[PDB]
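Chemist: Fold the following for me, if possible:
(chains A, B, C, D, E and F, ligands or ions: 2)
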Amino acid sequence: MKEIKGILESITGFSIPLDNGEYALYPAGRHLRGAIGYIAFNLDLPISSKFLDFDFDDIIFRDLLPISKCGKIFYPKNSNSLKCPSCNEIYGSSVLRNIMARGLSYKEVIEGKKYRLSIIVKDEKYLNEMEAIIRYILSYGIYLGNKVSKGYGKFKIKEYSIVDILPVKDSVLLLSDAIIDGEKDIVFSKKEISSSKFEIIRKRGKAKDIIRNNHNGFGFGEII
Amino acid sequence: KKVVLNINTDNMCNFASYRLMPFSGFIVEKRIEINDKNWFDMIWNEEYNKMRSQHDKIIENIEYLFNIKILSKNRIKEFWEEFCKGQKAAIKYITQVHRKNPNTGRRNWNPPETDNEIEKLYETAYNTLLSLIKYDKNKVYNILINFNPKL
Amino acid sequence: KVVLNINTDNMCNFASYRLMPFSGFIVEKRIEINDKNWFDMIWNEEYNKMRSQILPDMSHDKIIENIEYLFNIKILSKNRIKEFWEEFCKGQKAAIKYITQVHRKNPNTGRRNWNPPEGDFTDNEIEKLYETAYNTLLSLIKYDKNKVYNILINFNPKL
Amino acid sequence: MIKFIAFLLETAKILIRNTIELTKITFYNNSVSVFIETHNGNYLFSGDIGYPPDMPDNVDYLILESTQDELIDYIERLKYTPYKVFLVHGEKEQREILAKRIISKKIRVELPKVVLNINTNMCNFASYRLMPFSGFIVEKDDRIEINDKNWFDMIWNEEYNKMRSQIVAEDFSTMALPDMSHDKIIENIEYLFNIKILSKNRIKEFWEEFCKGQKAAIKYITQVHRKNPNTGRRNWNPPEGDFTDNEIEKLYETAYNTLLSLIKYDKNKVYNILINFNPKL
Amino acid sequence: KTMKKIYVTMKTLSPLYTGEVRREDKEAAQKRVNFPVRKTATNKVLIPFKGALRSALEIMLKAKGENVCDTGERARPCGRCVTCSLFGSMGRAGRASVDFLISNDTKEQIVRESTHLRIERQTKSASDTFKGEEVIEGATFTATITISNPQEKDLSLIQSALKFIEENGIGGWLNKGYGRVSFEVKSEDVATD
Amino acid sequence: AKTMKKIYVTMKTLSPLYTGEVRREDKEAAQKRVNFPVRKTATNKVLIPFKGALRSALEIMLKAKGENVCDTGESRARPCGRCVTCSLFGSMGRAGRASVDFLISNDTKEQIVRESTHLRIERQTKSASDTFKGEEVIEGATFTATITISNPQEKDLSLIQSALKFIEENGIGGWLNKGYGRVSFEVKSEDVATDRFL
Ligand SMILES: [Zn+2]
Ligand SMILES: [Zn+2]
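Modeler: Residues are numbered from 1 along each chain as shown, chains lettered A, B, ... in the order given. Ligands and ions are numbered 1, 2, ... in the order given. See the structure here:
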């Protein structure tokens, strides 16, 4: 049970359009999965062959919450923002920046900031599978958010560290959105290359918050 | 007493048994660092900024001025932006764009699509939107929705 | 390591940061930082190698006072100060030759190529003002480029 | 123009007794050689030699090869002897040994961005003519030129002037100026703004030199107000009006005193003063 | 699988303009510059680089006679052309993903505020002026073209569209001389890391 | 659609040539050593705005013939999108067919840009009241610009050459009343199939 800890810098800005008009303040781990899925698809790996399944544990992509100036990690309930325990920074809406292109109205979060990579492999076969794509993305670049082909959302890894997992026991604070059948609306997709099938898979669950026993886990539902 | 260099040491010539490069410097004292002009343009900007830290009649008139392009979609959007900002920004905005420059004589309104008629239509724009600056914001929204679809 | 080979006089103060406008040559030698003098000496050393194979001292305040006085009588105009800046910038032997050229009393005419003084002065003293001008402008050549520029932009800004 | 690699020829861009007409191309037998004609040239790629071959009818260029007597026999018996022969496809010393004999028959050889000399002396040392020179290679966007230390001296002096006249001593950094109330500052700068002594460029330049400290503003206002000894001219714009000569001087003095009195006011205060006059900054 | 990587270096030979798209940054620069250049928050200049490629290949391959749809106009990619297979269609994902053209340089070195006019033709005098910002010449920009499942007709089409960008220009104000550039290209095939 | 007209224009100055420096930082850096710097590239080559010269030349000459050509000269005016200058140089709803490159010189500043000394003389005293320095591009300096016309008609060549004789008569750049900017044009025209890069 190892990890892939990483500081990723946005070279180009990124955009993820949640419902009713809201945009993601940070890139989610579902996008870090999806992009690595395309990457493995073109790298001919068994990770690629498995990425169709959502319940695929082993390799789990926690969301990419941002790093503060104090070398630590921002934490989010009822607070559409991010705060850190050093209490130095509030990362929020101000980072959105509305872009009016030709006929296109959308918003993105600006670049120049740093985000976490944390892929908790449990079996070492998929650790080697993950090492190869980490040594790929270090070479070229990963594309998170919409408009990947236009160039939006390039992240360069500055630090590829193969760290080790010490599990957690609590009954804890959700870093992302659990899927318990609570009240948070969580929407995502299952775009299927070599089937020409796209489906928007919608779910409900818990917001990003207070949470209590087994907790055999914890990339929508993450907690620490 | 220490020295640190902050300019690229890669695109440099070789001549006369010394690997030399002509370069422009900005020797800073703190160590003694040698910076280029990009750092000096930076510091010059950032010290600058630092110092730089410190009712049917209006419908008929707006329907007239939409066709001869005096008031325009950008003008509707920014006048409605001043109204949505409040009332002081509205008076400041229409005072600013009605402000005929005493040097050149050209107003900031868009031209109609004589000079007496030009002044009369620009005054019509002033009394029209300055009358509109006092009404309720819902009425301003419904009148401005008809001509600019977005705002 | 890196060695600067420049005396750090003429350092201004931009906000809270001390600052020097400067031009030089990165030398990958001790990664030395060398001035233009270096380049002139090494150019002439390679010229001699290639072809082979086939000043009085005056105080600074006295220099300001004398250049002040000679500026007021218009012996040292800004045309003279500008051309002296050109001939000093070109080098020192050029500045020596230029100052000897303007100070050389021509044996056939008896005329110095300076500008005459404004005002009534005896011919002996007018000559002594000329010799004073020779002494200061020659003594100016012993200094570096930076103090020469800083001295003569108070009298000809643009020089 | 032949570019050596085989043999490329740039006129049609062909690369090496009936006549095929593409650039008149015609293959004579070597006992095979090709004679190409173009408006700028009559080139001959001979190939190798074996004894009575078939030389073309004027062969302006003759690109031959050898590794010795037969090469020269073929160098003769060709009407209108070539301008330049080319010695290819052989060992270098044997090519030079043949080439000495093509020079003895007075025929020129060449053994296998535009660059401009902006130089100026000569020496006759050894077999070749020369001039020793240390210089500079500039690589402009369509030329590559050669210069000496006089040109480097001129651009070095231009860089020194451009970099000295770019940073003042205590600008943007951290007394005895005049003092006058805000109301008289209003009346004076209104009056000196209608007539053009205090104009929007001058208010803007006061704003930049005030943001760069009080002393930069004092230096700017003094050098604007400094009357020349010779011309007697100050760097103000002339007032538009009758003002004969003495209230001209009192009016420039009013501009001097009003700006110098405005200097010790607060930065936000002089900002609220100036934007009524110059809306920009 | 093979993945084409096309490193695209662009030396500008003419002033360059691309309008800022960020609305709050546009009103932030509007009191100073009427036409702000599209910048980063890293303070770097990026240029849109896919629709120039797609438009170049569209007009060129159109007049060659290859069946392409014009994605200028109600524009709808088909899914059939060389253009829809290369750069993308509605359903089928684009084989080519082309980066923004970020400069190797920052903004205080390469983009400068400038002056543009509108001159009356009878009085021969500047009737209007405005501060549009513009990118200096010789400023080198960089992108990577990520092509997946390549054909043999992929190198030539990308360099042909790059030469069409070299003659038409990139960015905005394309008819008053803005954006005339040159391209240096370096290609590689990557299959296994 | 299938063809483009290419107009290689080589222009050689028969007079001193002044166009103004446009960039604020370049101007303010050279508002000290010279007071009217000319337009430079950062590759140190002289820029001349060419499209407005041709567009102005065509609009004056076509209003002289009485054709229903508009005028984008007055403040904040409107391209009607229906004239021949509106078809050639563009409107607000449609772009211009004739993409007009900047007049790029083949030399740099030390070869063609010279500083100067321009004066203002008092009429009664006959003395120099004012002095100011201003850069100019020399006579005999030559420049290139490529005008590329997509969707060509028959008359784009004739209108572009006619505009170039009008530019020769009036001048190009600034200080046109003092004799600056009088030039001569040479044109090499070529028809092009648009797919020649394939
Ligand atoms: Zn299609
Ligand atoms: Zn029109």
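Chemist: OK, now which residue of chain E is nearest to ligand 2?
Modeler: Chain E approaches ligand 2 most closely through residue E:121 (12.9 Å), counting by C-beta to the ion. Using the backbone N, CA and C atoms, a C-beta is placed for each residue, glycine as well.
Chemist: what do you get for chain B?
Modeler: When scored by C-beta to the ion, chain B has residue B:113 as its residue closest to ligand 2, at 13.1 Å.
Chemist: which residue sits closest to the residue of chain E closest to ligand 2 in space, ignoring its chain neighbours?
Modeler: residue F:73 (3.7 Å; C-beta to C-beta, 6 or more residues apart in numbering or on different chains).
Chemist: Could you verify my assumption that the one you found touches residue E:126?
Modeler: No - using C-beta atoms under 8 Å, residue F:73 makes no contact with residue E:126, being 10.5 Å away.
Chemist: residues shared between the contacts of the two?
Modeler: Overlap of the contact sets of residue F:73 and residue E:126 (by C-beta atoms under 8 Å, 6 or more residues apart in numbering or on different chains) consists of E:118-119.
Chemist: In terms of neighbours, single out the busier of those two.
Modeler: Shown here are residue F:73 and residue E:126; by other C-beta atoms under 10 Å in any protein chain shown, residue F:73 has more neighbours (21 against 14).
Chemist: Contacts only, for the more buried one.
Modeler: E:118-122, E:127, F:56, F:59.
Chemist: In strands only, show me those.
Modeler: Among the contacts of residue F:73, the members found in strands (DSSP state E) are E:118-119, E:127.
Chemist: For chain B, state which of these is nearest.
Modeler: The closest of the ones in strands among the contacts of residue F:73 to chain B turns out to be residue E:127 (C-beta to the nearest C-beta; 7.9 Å).
Chemist: so what's residue A:168 up against?
Modeler: By C-beta under 8 Å, 6+ apart, the contact set of residue A:168 is A:215, A:218, A:223-224.
Chemist: now swap in residue A:212 and tell me
Modeler: So residue A:212 contacts A:170-172 (C-beta under 8 Å, 6+ apart).
Chemist: of all those residues, which comes closest to chain B?
Modeler: Comparing the contacts of residue A:212 against chain B with C-beta to the nearest C-beta places residue A:172 closest, at 43.1 Å.
Chemist: Is it correct that that closest one is in contact with residue A:214?
Modeler: No - judged on C-beta under 8 Å, residue A:172 makes no contact with residue A:214 at a distance of 11.7 Å.
Chemist: The two: who's more crowded?
Modeler: Applying other C-beta under 10 Å to residue A:172 and residue A:214 shows that residue A:172 carries more neighbours, namely 14 against 6.
Chemist: With the flanking residues excluded, which residue is spatially nearest to that one?
Modeler: Sequence neighbours aside, residue A:223 is the residue nearest to residue A:172 in space, at 4.5 Å (criterion: C-beta to C-beta, 6+ apart).
Chemist: Quick check: end-to-end length of stretch A:15-34?
Modeler: Length of stretch A:15-34, first residue to last, C-alpha to C-alpha, to the nearest Å: 15 Å.
Chemist: Check which residues of it are buried.
Modeler: Neighbour counts over stretch A:15-34 (16 or more other C-beta atoms under 10 Å in any protein chain shown) mark A:15-16, A:23-34 as buried.
Chemist: Quick one: residues contacting residue A:117.
Modeler: A:4-8, A:32, A:64, A:157.
Chemist: What subset of those is buried?
Modeler: Buried by 16+ other C-beta under 10 Å: A:4, A:6-8, A:32, A:64, A:157, out of these.
Chemist: out of those, who's near chain E?
Modeler: Contacts with chain E within the buried ones among the contacts of residue A:117, counted by C-beta under 8 Å from any C-beta of the partner chain: none were found.
Chemist: picking that back up, for the residue nearest to residue A:172, give its distance to residue D:65.
Modeler: According to C-beta to C-beta, to the nearest Å, residue A:223 stands 82 Å off from residue D:65.
Chemist: ok and the residue in chain E nearest chain C?
Modeler: Closest point on chain E to chain C, by C-beta to the nearest C-beta, is residue E:108, at 16.0 Å.
Chemist: same deal with chain A?
Modeler: For chain A, C-beta to the nearest C-beta, closest residue to chain C: residue A:69, 22.1 Å.
Chemist: List the contacts of the residue of chain A found nearest chain F.
Modeler: Nearest residue of chain A to chain F: residue A:102, at 13.4 Å (C-beta to the nearest C-beta). With C-beta under 8 Å, 6+ apart as the criterion, no residue contacts residue A:102.
Chemist: Ramachandran coordinates for it?
Modeler: phi -70, psi -60 (degrees, to the nearest 10).
Chemist: now the helices: where do they sit in chain B?
Modeler: B:37-52, B:56-67, B:73-85, B:88-98, B:115-132, B:137-147 (DSSP state H).
Chemist: Most tightly packed of these?
Modeler: helix B:73-85 (a mean of 17; mean count of other C-beta atoms under 10 Å in any protein chain shown).
Chemist: That one close to chain A?
Modeler: No - Helix B:73-85 stays clear of chain A (C-beta under 8 Å from any C-beta), getting no nearer than 11.6 Å.
Chemist: which other residues reach that helix?
Modeler: Contact with helix B:73-85 is made by B:71, B:89-90, B:92-94, B:97, B:109-110, B:129, B:132-133, B:137, B:140-141, B:144, B:147-148, B:150-151, as judged by C-beta under 8 Å, 6+ apart.
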